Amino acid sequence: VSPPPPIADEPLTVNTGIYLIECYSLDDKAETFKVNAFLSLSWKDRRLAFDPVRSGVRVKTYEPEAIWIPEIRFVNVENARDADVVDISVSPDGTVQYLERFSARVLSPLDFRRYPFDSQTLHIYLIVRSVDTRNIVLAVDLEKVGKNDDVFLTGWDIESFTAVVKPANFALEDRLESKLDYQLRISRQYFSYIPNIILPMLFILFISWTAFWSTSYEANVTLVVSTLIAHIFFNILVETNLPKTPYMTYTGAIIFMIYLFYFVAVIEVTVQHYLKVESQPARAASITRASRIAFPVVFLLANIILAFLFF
């Protein structure tokens, strides 16, 4: 067993396909997802050709170890995939049809910039390294790229599974390597973030602004500091579900900005009280009266600016 030799001096073309059976565990923090799929491989091995009329049979079967099979590997996996050879068929002209069912944990970076209203392109990169007697090159048989209808990935919507047809061919340690890019396009179901995080977070913020209709320092200090604490909780909660990025994320920005609002609210609450103690309630009164409008307005303007920058 060793590679089938060139008729002329052409590279060996291995036709590939991936057909997703299952998708699970898209782990945002680790930036990985698990996949369970059929991997199909096809290539011409002439040493294996036979006659259809005299052979009586129109297709022949083989056990993995009996014939040469190209070593296809995934680039971005954690560990070598788990594979069960399902079937190997050889037709008269010596065309081999290989089919395996595999499962793997795939590494694939996510762009958290628009979280939780983001979309991602997961990748599964197939690769093959040329042997000494000949160069192996990959291709996509579109007929065999797909996914079953039930493939659901919790908390995500699956848009499409397609392969970039043209391999990237390059040299790696003095041998040719042929690599294919299968893409799984998904978008996050942001729905639940609304009632679980966003609204509660806004509610507590608005509750903080009631201090602008109160002349009680002690009350205000309680309103503002208490809610600020609840905000910290949401901040901590949100940040435990994301990995640490070197860029601001949309939610990250809103969350951060909101601290600025609490800080300024505290200042206002402080100033108002100070003026009152210093026997000048009228300045205090008009600073608070202004704040009742400024706060919601600037909060609204700042958010529009952010949504614009981010979307």
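Residue numbers run from 1 along the displayed sequence.
Chemist: Averaging C-alpha B-factors over each stretch, which comes out higher, 297-305 or 7-15?
Modeler: Looking at the record's C-alpha B-factors, the answer is 7-15.
Chemist: Take the C-alpha B-factors listed in the entry for 72-80 and for 121-129, compute each mean, and give the stretch with the larger one.
Modeler: It is 72-80 that shows the higher mean C-alpha B-factor.
Chemist: When you compare the CA B-factors of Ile255, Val271, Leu260, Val57 as listed in the entry, which one comes out on top?
Modeler: Within the set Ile255, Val271, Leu260, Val57, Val57 shows the top C-alpha B-factor.
Chemist: Looking at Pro195, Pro167, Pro116, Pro109, which has the biggest Cα B factor in the entry?
Modeler: By C-alpha B-factor in the record, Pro167 ranks first.
Chemist: Going by what the PDB entry lists, where does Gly94 fall on CA B-factor within its chain: lowest, middle or highest third?
Modeler: Highest third of the chain for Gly94's C-alpha B-factor.
Chemist: Is the Cα B-factor recorded for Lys29 in the lowest, middle or highest third of its chain?
Modeler: Lowest third, going by the recorded CA B-factors of the chain.
Chemist: Taking the C-alpha B-factors as the PDB entry records them, is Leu180 in the lowest, middle or highest third of its chain?
Modeler: Its C-alpha B-factor belongs to the middle third of this chain's values.
Chemist: With respect to C-alpha B-factor, does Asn135 fall in the lowest, middle or highest third of the chain as deposited?
Modeler: It belongs to the highest third of the chain when residues are ordered by C-alpha B-factor.
Chemist: For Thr249, does the deposited CA B-factor place it in the lowest, middle or highest third of the chain?
Modeler: Middle third by C-alpha B-factor.
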